[PDB]
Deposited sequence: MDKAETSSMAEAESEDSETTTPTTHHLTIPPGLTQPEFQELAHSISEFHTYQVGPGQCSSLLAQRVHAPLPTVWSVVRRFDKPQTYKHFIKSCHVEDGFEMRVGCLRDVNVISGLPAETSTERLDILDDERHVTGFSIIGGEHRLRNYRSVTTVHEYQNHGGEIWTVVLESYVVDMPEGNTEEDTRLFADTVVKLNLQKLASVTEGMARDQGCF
């Protein structure tokens, strides 16, 4: 009943067959979670027609998630802020209800392998123990080069929610943010 996710065995929506083949080892390396009862996890993918550094330059800005995410009113980092593993950010999210600032922790930041990740340690009460990972990759199709962004998460389902509904919400939000990420970065690359 507690088993590793299998995101590396299913073509995620947003990828083609060749893209997925070339990326499955990275999916198993960076986008694997332990899912038990009362947890769910998902992988989303987005093609981005901008150079990988341009795309990574946004993905890595732990202090400015609003650069590519919707529903962010503001994001503040701490005084002695160095974008280093463990630093905390307070994200005020636009939810339509009055909400508590979301306290998030930088879990991973690898400028050579283009991997970052975070976990929500305070604020969001319903989607508890959210932890997410983003990787950025370059891909080739008969000479044509583009960037692929993979974002996954694991979360505890609130008592009284199904896996299908919790995943539907988190997937919908991630998918919209990845759309914004592509628009923002393809414009920077023009």
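No alpha-carbon coordinates exist for the deposited sequence positions 1-18, 161, 210-214, given here in order along the chain.
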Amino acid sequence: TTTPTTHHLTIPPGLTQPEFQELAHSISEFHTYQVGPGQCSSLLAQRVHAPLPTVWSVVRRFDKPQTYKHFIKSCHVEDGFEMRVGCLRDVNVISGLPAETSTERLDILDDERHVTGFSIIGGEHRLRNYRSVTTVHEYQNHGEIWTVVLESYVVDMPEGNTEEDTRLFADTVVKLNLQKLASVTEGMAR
From here on, numbers count along this sequence of modelled residues.
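For the pair 53-61 and 156-164, the mean B factor over Cα atoms is greater in 156-164.
The stretch 140-148 shows the higher mean C-alpha B-factor when 63-71 is compared against 140-148 in the entry. Residue-level temperature factors show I108 in the lowest third of its chain, judged at the C-alpha atom. Compared with the other modelled residues of the chain, the Cα B-factor recorded for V115 ranks in the lowest third. In this PDB entry, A45 carries a Cα temperature factor that places it within the lowest third of its chain's modelled residues. When all modelled residues of the chain are sorted by CA temperature factor, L127 is found within the highest third.
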